[PDB]
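The block underneath contains the structure these notes are about, expressed in structure tokens.
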Amino acid sequence: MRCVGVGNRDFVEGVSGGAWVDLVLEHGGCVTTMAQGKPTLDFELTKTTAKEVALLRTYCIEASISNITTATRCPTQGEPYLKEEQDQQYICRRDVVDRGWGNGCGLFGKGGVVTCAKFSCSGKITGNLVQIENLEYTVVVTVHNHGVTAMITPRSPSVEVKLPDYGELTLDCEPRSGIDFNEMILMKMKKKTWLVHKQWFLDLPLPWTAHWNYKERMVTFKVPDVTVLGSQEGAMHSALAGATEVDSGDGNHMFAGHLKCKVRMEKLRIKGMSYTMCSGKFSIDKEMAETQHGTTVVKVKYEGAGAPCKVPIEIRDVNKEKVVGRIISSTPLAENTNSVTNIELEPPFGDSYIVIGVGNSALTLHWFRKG
Amino acid sequence: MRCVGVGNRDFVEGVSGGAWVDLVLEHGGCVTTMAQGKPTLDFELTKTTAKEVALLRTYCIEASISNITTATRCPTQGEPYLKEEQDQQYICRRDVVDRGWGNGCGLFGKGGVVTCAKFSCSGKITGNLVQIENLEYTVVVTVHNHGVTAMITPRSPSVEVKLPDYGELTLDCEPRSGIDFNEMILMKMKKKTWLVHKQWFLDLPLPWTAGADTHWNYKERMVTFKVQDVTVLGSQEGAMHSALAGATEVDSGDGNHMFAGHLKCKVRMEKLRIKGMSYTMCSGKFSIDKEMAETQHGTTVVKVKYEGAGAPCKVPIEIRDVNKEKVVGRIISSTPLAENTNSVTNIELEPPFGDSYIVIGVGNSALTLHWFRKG
Amino acid sequence: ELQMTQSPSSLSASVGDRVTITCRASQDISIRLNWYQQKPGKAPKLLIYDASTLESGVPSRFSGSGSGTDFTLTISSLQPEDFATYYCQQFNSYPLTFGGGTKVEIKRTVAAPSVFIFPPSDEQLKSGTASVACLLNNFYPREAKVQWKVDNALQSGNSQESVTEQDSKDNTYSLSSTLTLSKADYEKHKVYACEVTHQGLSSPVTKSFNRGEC
Amino acid sequence: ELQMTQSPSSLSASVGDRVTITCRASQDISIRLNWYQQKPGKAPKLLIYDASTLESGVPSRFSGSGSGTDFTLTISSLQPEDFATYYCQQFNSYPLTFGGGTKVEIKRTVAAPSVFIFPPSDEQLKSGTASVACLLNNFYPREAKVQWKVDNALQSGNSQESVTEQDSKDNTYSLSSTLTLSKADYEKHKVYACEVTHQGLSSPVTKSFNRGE
Amino acid sequence: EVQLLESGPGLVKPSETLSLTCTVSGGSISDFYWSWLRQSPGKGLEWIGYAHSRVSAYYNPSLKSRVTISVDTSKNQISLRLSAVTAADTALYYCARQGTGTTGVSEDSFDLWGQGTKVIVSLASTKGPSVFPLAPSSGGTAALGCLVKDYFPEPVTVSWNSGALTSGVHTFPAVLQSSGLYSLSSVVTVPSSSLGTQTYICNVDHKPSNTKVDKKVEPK
Amino acid sequence: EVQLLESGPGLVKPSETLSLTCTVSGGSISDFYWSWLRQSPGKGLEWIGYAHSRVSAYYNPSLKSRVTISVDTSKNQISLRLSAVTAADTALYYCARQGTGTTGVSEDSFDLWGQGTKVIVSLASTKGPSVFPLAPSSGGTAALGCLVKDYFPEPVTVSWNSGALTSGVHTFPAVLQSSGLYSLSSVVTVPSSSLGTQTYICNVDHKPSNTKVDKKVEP
Ligand SMILES: *[C@@H]1O[C@H](CO)[C@@H](O)[C@H](O)[C@H]1NC(C)=O
Ligand SMILES: *[C@@H]1O[C@H](CO)[C@@H](O)[C@H](O)[C@H]1NC(C)=O
């Protein structure tokens with residue numbers, strides 16, 4: 001009953017004998033499977049996550065200047081030297097200024113100067129390498145009546161999924177992504193994570209780490225002064241306008257692609273296939289409503305004593321003679337006395353009568369389908 | 001004495017009779033003027049600033065989301081409405097979500113939803129229109145012995161500059177800028193102001209205002225709506241700095257104002273005079289206060305102290321040959337004077353290539369200095 | 001909801017006999033049932049899966065029968081290796097429920113218990129507690145009744161019975177009942193009796209002793 | 001350090017006479033000098049610029065002379081309009097310094113002052129202070145000496161002299177000396193005298209009064 | 001061979017959370033469905049629930065609210081976590097391989113079973129056993145024993161004449177007294193002629209309290 | 001046509017900063033060099049300094065450390081600002097047009113002068129004048145006056161018989177007393193026969209204290 005209400009929904013019917021169903025799973029989309037002698041199931045790809053990811057490079061977006069030291073030298077004299085020049089944490093630049101009597105020198109000419117400032121990074125961006133081999137696909141299987149979750153990885157594509165009271169299925173899948181992971185990088189900022197190109201990330205003009213390499217990308221020296229580029233947080237958001245975000249910070253992470261699956265319904269069974277037909281009265285708990293795909297959903301309460309039994313439902317014609325409609329929910333059951341059952345029906349185009357129960361005590365509902 | 005020590009220095013000599021000197025002034029560069037019967041001066045263009053600038057557009061770089069209101073509606077029912085939709089301060093977006101029994105609706109289908117959030121700007125960037133007509137050029141004139149400042153605008157290009165004890169000059173200038181102001185915009189960020197293209201500023205993808213009241217047009221440029229959720233672009237302060245890497249900044253916020261261009265001037269030295277032209281020649285002894293040093297242009301600067309009583313008088317300086325017979329060098333500082341007893345005087349001399357003797361004083365008591373110039 | 005009831009609780013049979021273990025279900029479970037064998041101390045062992053199919057290594061004597069509600073476990077010729085507790089489990093509906101259990105015991109000739117009464121030691125009396133142990137050495141069948149008498153008055157509480165598993169040599173059971181009384185309650189009474197009721201005995205035998213004698 | 005000294009401080013001359021005003025400079029200032037005319041209450045007026053060149057509207061009688069250190073201002077024929085204070089200023093070196101000033105006054109026949117003594121009013125005595133005013137109405141020249149006598153003893157302090165500008169009608173000056181004493185000091189003495197010494201008078205005239213008479 | 005080893009501790013105080021581990025040796029844990037089961041007299045074999053490395057765990061409605069079963073592939077062990085533990089939870093916990101059709105033997109049939117871990121639920125302190133002799137009274141054979149009274153927890157090792165005497169020895173199962181401590185008795189059948197000539201000593205060993213009590217049985 | 005108007009206030013307490021403004025009417029302020037000058041007896045004409053709309057201001061070394069002169073083109077006025085004002089700064093301040101050669105007669109010659117603003121430096125409070133009569137004593141003409149004692153600041157308007165009596169009137173300049181207040185006297189010469197028949201009243205008007213005192217003189 002999971003796919004009921006979902007807009008992007010696909011109905012897949014099995015082979016004449018059953019045993020196997022070919023389906024395609026993607027984020028947002030819901031798949032309803034139908035097979036002869038097998039129960040109706042609801043398949044949905046909840047999450048796709050990268051388990052083991054190797055770190056490639058870490059850039060600096062937010063920085064600040066600290067402890068500025070200036071070393072001055074008059075003409076003819078040697079070049080100025082500072083202890084901060086050999087230290088990797090400090091950024092140093094060498095230049096020559098016009099020195100003389102006004103500057104405080106005995107001789108006139110270009111005098112050597114060196115400025116050193118401490119580089120401190122507060123905001124850093126992480127970039128992890130992606131691989132198709134390390135991708136965990138979470139598929140939820142729900143029966144027509146919170147379901148059962150299953151993990152799929154290219155290493156272990158086929159997984160035997162157990163469904164209590166309904167037996168079990170063999171879920172064999174194949175990951176098919178239209179994006180080349182060899183040319184992609186999983187870049188993480190604060191809480192959110194994006195899927196960006198490999199070259200774009202490596203060509204970013206910011207200081208990076210395998211001590212920061214290329215510190216001059218954010219620190220600018222003014223010959224008379226040190227200036228910082230500020231926070232590149234907003235600068236990234238503008239460039240990430242076209243890039244698809246994996247994790248949103250809420251925990252919901254998804255990758256653009258399709259998961260082609262071949263569900264083996266060999267050992268699957270319908271709960272209550274041996275149940276007798278309900279003899280007692282039936283009453284509508286909730287009025288029958290039409291879905292976005294033309295199918296109708298109805299809630300019925302059992303008033304008899306023959307429980308656990310099978311709900312007798314038939315979609316008959318205008319003159320209520322021959323059955324001209326099919327039931328999606330495979331073999332609906334009434335568990336106990338005064339129990340509510342959810343049923344998905346497929347009425348034909350035009351006038352149709354839904355008969356729920358047995359004999360004259362049976363409930364009759366009129367329905368009209370447009371198109 | 002201002003141009004002394006400055007690397008980018010140009011020496012301009014006047015006409016045979018004097019009266020006028022043609023010069024070019026630029027930022028960083030210093031100009032030294034020399035004329036017969038007129039004192040030696042130092043010209044330098046300190047600052048260039050735009051006085052009257054008209055506001056064109058104000059963009060928002062830093063924003064924050066406040067008071068989020070979500071209105072939900074089930075299928076078959078009407079579209080959701082909020083009071084914030086008509087209010088200009090709020091950003092609203094309409095969409096449809098999959099509604100049913102699980103969502104809390106009687107019927108299945110696409111249900112209308114509307115999200116409204118208050119837009120508040122904390123960091124804003126202004127862009128003013130710049131033209132050649134409104135530009136104030138500040139020129140500093142310093143005598144050889146901090147000086148006198150003069151303002152030049154295309155409206156009033158010629159300005160009569162008074163130099164105390166030295167008379168006065170008529171400074172006629174012409175502003176020559178190689179940049180088209182019709183295609184430029186004076187953009188200001190916090191305390192710093194840049195000179196950017198007109199089209200680049202107008203094509204910026206940020207919310208803007210026609211005025212400058214302390215309602216934003218195109219609020220969606222920073223606010224993004226999710227499938228319910230609202231996100232802000234953050235602070236575009238760092239984003240601008242990357243784009244301003246090639247653009248030249250006018251004001252640094254400290255006080256330095258500058259524009260790329262040249263200021264062609266024709267200084268009229270008609271009423272100019274040298275201080276102490278009627279002063280007698282110094283009879284007393286002279287001593288070097290500071291040793292003679294060579295500049296980047298070959299010229300030599302020396303400090304001398306007067307020990308006599310004939311003050312105020314003229315310092316007798318001559319740049320003679322190896323055999324100290326004939327004068328073979330010239331003095332840059334026009335008529336140097338010794339104000340009082342034990343007073344120090346700064347003198348700029350031009351010795352010739354090779355051996356030369358500098359004689360400071362009179363008779364046998366005179367100070368003699370040996371100098372050699374390479375090249 | 002679904003209850004698994006297996007009959008009988010205990011079964012007595014000789015080596016070579018044909019035994020029938022019945023497992024009943026409250027609802028239809030079709031051919032979905034499993035049979036298990038469990039010896040004391042050891043973990044259960046699967047014999048018959050899918051109500052009739054035999055597991056690899058399980059002898060031909062073991063056979064599975066039944067479909068729907070009533071099920072059967074049959075051993076054509078009983079062996080000394082087969083004497084263990086048998087369990088039945090369902091797998092048609094969740095949760096997976098197991099049966100009561102059927103203990104298959106060795107059939108032995110009816111033997112009367114050798115009753116012995118033990119008075120509480122002086123070492124125990126120093127602590128403040130007195131325990132009277134009553135031994136019922138070697139008997140068949142397991143069904144035996146033990147009644148305590150403080151001073152001709154029947155004792156309901158303070159009694160704890162313990163039965164040993166069927167012996168490997170003589171195939172008989174043993175019972176040890178302990179009557180726990182305080183030092184003040186023990187010294188208050190004289191004659192302590194232990195009445196034993198068993199199939200092997202004609203009338204209930206009573207072994208007794210007097211406080212501080214012989 | 002350049003000082004501008006002009007001689008004389010004051011000059012007495014009749015209408016039609018030739019006057020000579022001299023301005024001296026401590027250093028050589030060449031032709032760089034300006035002459036000014038100032039009447040009491042009114043702002044100064046430039047007459048001669050560049051040591052000799054006359055300003056527009058200034059009469060032909062005014063003439064400028066001098067170069068270097070010694071300078072001269074000459075009025076060929078003095079007129080009643082010309083009686084004002086004359087100043088000289090330099091413009092060769094900064095700061096711009098002005099001269100001492102030369103007041104040109106009307107030459108008049110020697111006249112003796114009409115001396116009057118005024119006793120302090122009863123209204124002033126109630127406050128606690130007593131002021132004795134001594135009038136010297138209409139006299140020439142300005143040079144006059146006033147001496148106070150509390151009780152035949154000469155008074156040095158408490159005296160304040162005030163002289164009016166040369167009158168338009170008779171061309172004479174007037175002096176008013178005020179002797180300020182306390183109520184206790186005034187009631188302690190009897191005869192209050194005011195001795196006046198002037199060129200017009202033969203011997204010093206003394207106007208006196210007795211306390212409460 | 002594929003083996004299942006159960007890890008304790010086998011003593012949890014009421015209201016506290018019980019934690020048990022099942023190690024899978026000589027076979028991959030990521031392929032099979034692993035289930036936990038408990039056995040106690042009066043309740044019998046009770047299925048707690050199953051857990052898989054890739055598939056979500058499912059539990060019995062009787063324990064679902066307080067039980068959590070997970071599969072640790074890196075450590076090759078299945079962890080059982082039962083919270084708000086009461087006196088009714090006192091059982092022998094087994095870890096077994098739940099069949100599917102491709103794995104094991106058949107769908108939902110436990111083929112491979114663990115050794116089993118005894119879990120006792122009580123606030124009772126660890127006490128050494130107080131051994132008292134059951135002296136023989138004056139047909140041809142007489143009985144004598146040892147009363148292993150007041151000890152916690154289980155088990156206890158009782159032997160006669162340092163393992164020499166085995167014939168006639170009957171070590172009765174322990175009974176939980178009202179005090180929360182266990183009571184045990186071990187009786188031996190010997191001839192009447194052997195009394196006086198042969199000395200009888202019972203060797204009682206209790207490992208949780210680290211006590212070895214040797215008591216000699218003789219008539220008063 | 002070009003006029004220079006000086007604005008006060010003409011009273012500043014010692015240590016406080018003095019502010020004076022000179023308005024240029026009937027001519028452009030941005031063309032000429034404007035200078036401030038002060039006049040006081042004992043110091044004479046003292047040149048403070050000049051200021052220009054485009055060219056930097058220059059001052060006298062005696063006041064340079066305290067004085068600041070600026071040209072306001074938008075308001076058409078020259079502002080004079082002298083800080084740490086002492087008793088020696090008590091002078092009549094003038095604003096004049098300093099010549100160049102192309103503008104205002106000749107180089108450094110003040111052709112156009114202002115009206116002048118009297119500035120008095122004292123902590124003294126504004127007090128009304130206490131008028132006392134100077135009664136005539138018993139040749140043919142007798143003298144009588146009025147003693148305008150203890151008043152601050154300057155000036156004072158003294159007239160005889162409501163402006164009717166002018167001949168013989170001698171209003172002496174004010175003298176600054178030790179108390180910080182001014183003392184003035186106005187004496188008139190009238191015939192001896194006029195005494196008793198003609199009534200003499202002096203009309204003393206002091207605008208800063210808004211007082212008009214009329215005192216009758218009689219022996
Ligand atoms: C840098 O400057 C800060 C601020 O004065 C001071 O606290 C710190 O000790 C300095 N660090 C070094 C390494 O000099
Ligand atoms: C926005 O939220 C604040 C804080 O709760 C509240 O005080 C204010 O009334 C709200 N303003 C509007 C316009 O809804």
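Going by the structure tokens order, chains are called A, B, ..., each with residues numbered from 1, while ligands are numbered from 1 in the order shown.
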Return as a PyMOL selection string the residues belonging to chain A that are within 12 Å of chain E, counting only C-alpha atoms. chain A and resi 136-141+146-153+155-171+266-268
Starting from chain F, keep only residues with some atom at most 6 Å from an atom of chain D, counting only C-alpha atoms, and report them as a PDB file with N, CA, C and O atoms, in the first residue's frame.
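Wrote selection_7.pdb, looks like this:
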```pdb
ATOM      1  N   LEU F  45      47.640  96.288  13.131  1.00  0.00           N
ATOM      2  CA  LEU F  45      47.117  95.394  12.099  1.00  0.00           C
ATOM      3  C   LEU F  45      47.949  94.113  12.038  1.00  0.00           C
ATOM      4  O   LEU F  45      49.146  94.161  11.747  1.00  0.00           O
ATOM      5  N   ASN F  60      49.951  82.666   9.699  1.00  0.00           N
ATOM      6  CA  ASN F  60      51.041  83.353  10.398  1.00  0.00           C
ATOM      7  C   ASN F  60      51.606  82.397  11.469  1.00  0.00           C
ATOM      8  O   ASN F  60      50.809  81.782  12.184  1.00  0.00           O
ATOM      9  N   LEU F 134      26.562 113.346  37.503  1.00  0.00           N
ATOM     10  CA  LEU F 134      27.725 114.174  37.824  1.00  0.00           C
ATOM     11  C   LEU F 134      27.225 115.624  37.892  1.00  0.00           C
ATOM     12  O   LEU F 134      27.306 116.368  36.911  1.00  0.00           O
ATOM     13  N   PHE F 172      33.179 110.138  26.329  1.00  0.00           N
ATOM     14  CA  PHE F 172      34.523 109.574  26.473  1.00  0.00           C
ATOM     15  C   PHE F 172      34.565 108.067  26.210  1.00  0.00           C
ATOM     16  O   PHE F 172      33.636 107.370  26.622  1.00  0.00           O
TER      17      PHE F 172
END
```
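Taking only C-alpha atoms and all ligand atoms into account, every polymer residue with at least one atom at most 9 Å away from ligand 2 is listed here: residues 66, 67, 68, 69, 84 and 118 of chain B.
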Give me, as a PyMOL selection string, all polymer residues having an atom no more than 6 Å from stretch 123-135 of chain E, counting only C-alpha atoms and skipping those fewer than 6 positions away in the same chain. (chain C and resi 118) or (chain E and resi 13+144-152+209+217-219)
Taking only C-alpha atoms and all ligand atoms into account, report as a PyMOL selection string which residues have an atom no farther than 10 Å from an atom of ligand 1. chain A and resi 65-69+84+117-118
As a list in words, which residues of stretch 114-148 of chain D does DSSP assign to helix (DSSP H, G or I)?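 After running DSSP on the backbone, stretch 114-148 of chain D has helix (DSSP H, G or I) at residues 122, 123, 124, 125, 126 and 127 of chain D.
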Selected residues written out, C-alpha atoms, as an mmCIF file, in the first residue's frame:
```cif
data_model
loop_
_atom_site.group_PDB
_atom_site.id
_atom_site.type_symbol
_atom_site.label_atom_id
_atom_site.label_comp_id
_atom_site.auth_asym_id
_atom_site.auth_seq_id
_atom_site.Cartn_x
_atom_site.Cartn_y
_atom_site.Cartn_z
ATOM 1 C CA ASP D 122 24.707 109.492 47.074
ATOM 2 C CA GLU D 123 23.323 106.652 44.844
ATOM 3 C CA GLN D 124 26.900 105.335 44.268
ATOM 4 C CA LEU D 125 27.806 105.708 48.004
ATOM 5 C CA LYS D 126 24.896 103.327 48.887
ATOM 6 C CA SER D 127 26.564 100.542 46.784
#
```
Interatomic distance between atom CA of residue D:168 and atom CA of residue D:15?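 Going from atom CA of residue D:168 over to atom CA of residue D:15, I get 13.8 Å.
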I need the chain C residues near chain A as an NGL selection string; criterion: at most 7 Å, counting only C-alpha atoms. :C and (28 or 92-94)
Go ahead and dump the residues you just picked, C-alpha atoms, as a PDB file, in the first residue's frame.
```pdb
ATOM      1  CA  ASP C  28      -4.257 -24.443   8.120  1.00  0.00           C
ATOM      2  CA  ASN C  92       3.368 -20.775   7.156  1.00  0.00           C
ATOM      3  CA  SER C  93       2.695 -17.679   9.346  1.00  0.00           C
ATOM      4  CA  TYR C  94       4.884 -15.462  11.586  1.00  0.00           C
TER       5      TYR C  94
END
```
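Within the 7 Å cut-off around residue C:130, using only C-alpha atoms and omitting residues fewer than 3 positions from it on the same chain, the listed residues are residues 120, 124, 125, 180, 181, 182, 183 and 186 of chain C.
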Filtering to N, CA, C and O atoms, could you give me those residues as a PDB file, in the first residue's frame?
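Contents of again-v1.pdb, as written:
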```pdb
ATOM      1  N   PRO C 120      18.487 -33.587  59.586  1.00  0.00           N
ATOM      2  CA  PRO C 120      19.433 -32.470  59.393  1.00  0.00           C
ATOM      3  C   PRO C 120      20.642 -32.545  60.326  1.00  0.00           C
ATOM      4  O   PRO C 120      20.487 -32.815  61.520  1.00  0.00           O
ATOM      5  N   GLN C 124      24.379 -27.799  60.211  1.00  0.00           N
ATOM      6  CA  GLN C 124      23.303 -26.995  59.628  1.00  0.00           C
ATOM      7  C   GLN C 124      22.476 -26.320  60.721  1.00  0.00           C
ATOM      8  O   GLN C 124      22.095 -25.159  60.563  1.00  0.00           O
ATOM      9  N   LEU C 125      22.222 -27.042  61.833  1.00  0.00           N
ATOM     10  CA  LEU C 125      21.455 -26.567  62.991  1.00  0.00           C
ATOM     11  C   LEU C 125      22.108 -25.368  63.687  1.00  0.00           C
ATOM     12  O   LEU C 125      21.404 -24.561  64.297  1.00  0.00           O
ATOM     13  N   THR C 180      12.502 -27.680  54.202  1.00  0.00           N
ATOM     14  CA  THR C 180      13.299 -26.635  54.852  1.00  0.00           C
ATOM     15  C   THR C 180      12.548 -25.907  55.971  1.00  0.00           C
ATOM     16  O   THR C 180      11.609 -25.154  55.704  1.00  0.00           O
ATOM     17  N   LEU C 181      12.975 -26.136  57.225  1.00  0.00           N
ATOM     18  CA  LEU C 181      12.393 -25.520  58.423  1.00  0.00           C
ATOM     19  C   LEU C 181      13.466 -24.798  59.239  1.00  0.00           C
ATOM     20  O   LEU C 181      14.636 -25.176  59.180  1.00  0.00           O
ATOM     21  N   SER C 182      13.067 -23.773  60.013  1.00  0.00           N
ATOM     22  CA  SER C 182      13.983 -23.016  60.871  1.00  0.00           C
ATOM     23  C   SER C 182      14.360 -23.827  62.123  1.00  0.00           C
ATOM     24  O   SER C 182      13.700 -24.827  62.422  1.00  0.00           O
ATOM     25  N   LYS C 183      15.424 -23.402  62.845  1.00  0.00           N
ATOM     26  CA  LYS C 183      15.914 -24.058  64.065  1.00  0.00           C
ATOM     27  C   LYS C 183      14.838 -24.108  65.162  1.00  0.00           C
ATOM     28  O   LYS C 183      14.712 -25.129  65.841  1.00  0.00           O
ATOM     29  N   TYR C 186      12.023 -26.592  63.986  1.00  0.00           N
ATOM     30  CA  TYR C 186      12.505 -27.976  64.014  1.00  0.00           C
ATOM     31  C   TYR C 186      12.508 -28.554  65.432  1.00  0.00           C
ATOM     32  O   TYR C 186      12.051 -29.682  65.628  1.00  0.00           O
TER      33      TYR C 186
END
```
Check: which chain B residues lie within 10 Å of chain A using only C-alpha atoms, as a count of residues only: 47
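Distance-wise, atom CA of residue E:168 and atom CA of residue E:118 end up 28.7 Å apart.
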